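Starting off, we have a lone chain in the form deposited in one PDB entry, written out as structure tokens.
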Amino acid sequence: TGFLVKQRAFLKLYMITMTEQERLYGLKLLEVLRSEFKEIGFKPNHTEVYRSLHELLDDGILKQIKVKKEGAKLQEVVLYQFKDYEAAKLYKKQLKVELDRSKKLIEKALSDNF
């Protein structure tokens, strides 16, 4: 039940999958996401990406593993890993439901109005 999936939920999904694939780093993040959706036409908002990431952090799903760049003064390389992988898979499942409902909704609108 509900309308379509929200943008934060959508981005959080990708971040969880990326973490699953050991490819979730802080630096490339926004750029990697934007590059992933420029073909279709979606440009992930800057603050949306940041808020998605931190909600996953504050909610205890992800945690940040850090290593210092021996080449740059201050700041580090941030790798994200699961802190609570069970919670993540639970989230993923909820998201699957949202995505399926969204698809149906969009499809119905296309056939009903066009």
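In case it trips you up, residue 1 is the first one in the sequence shown, and so on. Rigid core (definition): largest C-alpha set, two forms, superposition within 1.5 Å. Residues that one form lacks are left out of the comparison.
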query	finding
Higher-B stretch (mean Cα B-factor, as the entry records it), 102-110 or 20-28	20-28
Stretch with the greater mean C-alpha B-factor as recorded in the entry, comparing 52-60 against 72-80	72-80
Chain thirds of CA B-factor: placement of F37	highest
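Quick note: we don't show the form deposited in another entry, though the next part is all about it.
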query: After fitting the core, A87 CA displacement of 2 Å or more between this form and the one not shown; finding: no
query: Residue shift check between this form and the one not shown, rigid core fit, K68 Cα at least 2 Å; finding: yes
query: Where the chain shifts between this form and the one not shown once the rigid core is fitted, runs of at least 3 with Cα moving 2 Å or more; finding: 25-27, 65-79
